[PDB]
Ligand SMILES: CO[C@@H]1[C@@H](n2cc(-c3cc(F)c(F)c(F)c3)nn2)[C@@H](O)[C@@H](CO)O[C@H]1S[C@@H]1COC[C@H](n2cc(-c3cncnc3)nn2)[C@H]1O
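Numbering (the entry's author numbering), first residue to last: 126 to 264.
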């Protein structure tokens with residue numbers, strides 16, 4: 126697609142409430158996973174990881190990695206992605222959580238574990254996708 130995967134979207138000044146990140150693309154026909162990683166260097170404040178075939182099930186895993194410890198996984202069985210199909214992911218930053226919507230439907234909320242939001246300066250987009258667009262705006 127017009128953007129190369131993996132793709133790093135800089136977040137100058139980090140994330141702040143009211144920030145909306147929009148990502149559009151298509152899932153590859155033989156997809157295994159998608160990853161969105163809100164990063165503070167080597168740490169990952171918010172890892173959003175649709176897994177298409179984990180023990181023969183679809184699941185979204187969300188987590189945080191701080192000092193190479195992954196935390197408690199937050200798992201959602203609701204899974205709005207499909208092999209070969211277009212998607213739109215929107216992540217809205219609020220003061221207490223990230224809110225994620227896919228295809229204009231609310232999917233999940235993830236409470237901030239890494240709380241220095243102005244230091245989360247990169248969003249990495251990786252995995253089995255074609256990416257058409259990735260951008261952010263303050264709403
Ligand atoms: C492979 O390690 C993944 C982590 N990961 C994935 C990637 C990644 C990055 C990229 F750039 C990529 F391109 C890319 F493809 C993947 N980087 N780190 C990350 O997703 C992390 C999130 O917690 O998970 C580990 S695997 C983690 C291992 O520990 C046990 C966990 N396990 C199994 C079950 C469980 C619970 N309920 C029902 N069935 C099974 N529960 N926990 C398991 O999920």
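Note that beta-carbon positions come from the ideal geometry of N, C-alpha and C, so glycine has one too.
C-alpha gap between residue 262 and residue 144, whole angstroms: Taking the first residue of the chain shown as 1, we reach residue 262 at position 137. Taking the first residue of the chain shown as 1, we reach residue 144 at position 19. Cα to Cα, residue 262 sits roughly 6 Å from residue 144.
Simplified DSSP state of residue 136, which is helix, strand or coil: Position 11 of the chain shown, counting from 1, holds the residue named residue 136. The three-state secondary structure of residue 136, taken from DSSP, is coil.
With 16 other Cβ atoms within 10 Å as the buried cut-off, status of residue 150: Start at 1 with the first residue of the chain shown, and residue 150 comes out as number 25. Residue 150 is buried by the Cβ-count criterion.
Distance CB(residue 252)-CB(residue 164) smaller than 8 Å: Along the chain shown, one-based indexing puts residue 252 at 127. Along the chain shown, one-based indexing puts residue 164 at 39. When the beta-carbon positions are compared, residue 252 and residue 164 stay at least 8 Å from each other.
Proximity of residue 169 and residue 176 at Cβ, strictly below 8 Å: Mapped onto the chain shown, residue 169 falls at position 44. Mapped onto the chain shown, residue 176 falls at position 51. The answer is no: Cβ separation not under 8 Å.
Enclosing beta strand (DSSP E) for residue 128 [first to last residue]: Residue numbering aside, residue 128 sits at position 3 when the chain shown is read from its first letter. Note, residue 128: premise wrong, no beta strand (DSSP E); not H, not E.
Nearest-angstrom Cβ-Cβ length linking residue 245 and residue 152, presumed shorter than 8 Å: Looking up residue 245 in the chain shown gives position 120. Looking up residue 152 in the chain shown gives position 27. The pair is not a contact, with the Cβ atoms about 26 Å apart (cut-off 8 Å).
Option nearest residue 179 by Cα separation, candidates 156, 133, 248: The residue you call residue 179 lines up with position 54 of the chain shown. Of the residues 156, 133, 248, the one whose Cα lies closest to the Cα of residue 179 is 156.
Residue 198 beta carbon near ligand 1 (any heavy atom closer than 7 Å): Along the chain shown, read from residue 1 onward, the residue named residue 198 stands at position 73. Correct: residue 198 has its Cβ closer than 7 Å to ligand 1.
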